[PDB]
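As a basis for the values below, the full set of heavy atoms in this structure was taken, side chains included, without hydrogen atoms, waters or symmetry mates. The chains referred to below are lettered A, B, ... by the order of the sequence lines, with proteins before strands, and numbering in each begins at 1.
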Amino acid sequence: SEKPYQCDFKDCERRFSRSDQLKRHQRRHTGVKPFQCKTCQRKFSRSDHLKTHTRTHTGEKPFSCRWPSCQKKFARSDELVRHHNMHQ
DNA sequence: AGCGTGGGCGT
DNA sequence: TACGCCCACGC
Ligand SMILES: [Zn+2]
Ligand SMILES: [Zn+2]
Ligand SMILES: [Zn+2]
């Protein structure tokens, strides 16, 4: 597809289809972290990454292993993916 | 293993 | 613009 939103930061060649995609990416350059955890006051560049971070404080693990007699659960989907891959 | 985080992707 | 899924990489 077409990607009209190009990043002009020094030595960056990243380009995107949407303007929010560019603005999100550019936070990696500036170090801006607009989202703060209300529990430990750590700051984050993104709201979705703040959300999964908060689960470290509560121990909430919404993603359970489907293998029989395996009670392993995880805070994020990608953790479960790696776990399921492990089970062969 | 647990999680920061960069990017794709949808709504 | 926001919101929050997924996937992968690299500690
Ligand atoms: Zn850039
Ligand atoms: Zn926190
Ligand atoms: Zn398992």
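Rounded to an integer number of Å, the gap from A/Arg15 CZ to B/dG8 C1' is 16 Å. For A/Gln21 and B/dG10, the CD to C1' distance is 11 Å, given to the nearest whole Å. Between A/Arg27 atom CZ and C/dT1 atom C1' there is a gap of 11 Å when expressed in whole angstrom units. If you measure from atom CZ of A/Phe9 to atom P of B/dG6, you get 13 Å, rounded to the nearest angstrom. Residue A/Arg42 contributes atom CZ, which lies 12 Å from atom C1' of B/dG2 at whole-angstrom precision. Taking atom CD of residue A/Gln26 and atom P of nucleotide B/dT5, one finds them 18 Å apart after rounding to whole Å. To the nearest angstrom, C1' of C/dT1 lies 17 Å from CZ of A/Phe16. To the nearest angstrom, P of B/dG8 lies 16 Å from OH of A/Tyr5.
Shown here for A/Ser19 and A/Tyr5, the closest heavy-atom pair between the two residues is CB-CE2, 3.6 Å.
With sequence neighbours excluded, no residue satisfies salt bridge (charged side-chain N to carboxylate O under 4.0 Å, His left out) with A/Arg28.
Atom NZ of A/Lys61 and atom NZ of A/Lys73 lie 6.0 Å apart (nearest 0.5 Å). Here the CD atom belonging to A/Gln26 is positioned 5.0 Å from the SG atom belonging to A/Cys7, to the nearest 0.5 angstrom.
Taking side-chain N and O atoms only, A/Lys23 has no distance below 4.0 Å to OP1 or OP2 of C/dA2.
Using a 3.5 Å distance cut-off with no hydrogens or angles, the side chains of A/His83 and A/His87 do pair a donor with an acceptor.
Checking side-chain atoms of A/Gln88 against main-chain N and O of A/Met86 turns up a donor-acceptor pair under 3.5 Å.
For C/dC6, the sign convention on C1'-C2'-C3'-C4' gives a south pucker, since the angle is negative.
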### Message
Can you build the contact string for nucleotides 3-11 of chain C? Use B for base contact, S for sugar-phosphate-only contact, and - for no protein heavy atom under 4.0 Å.
### Response
-BBSSB---
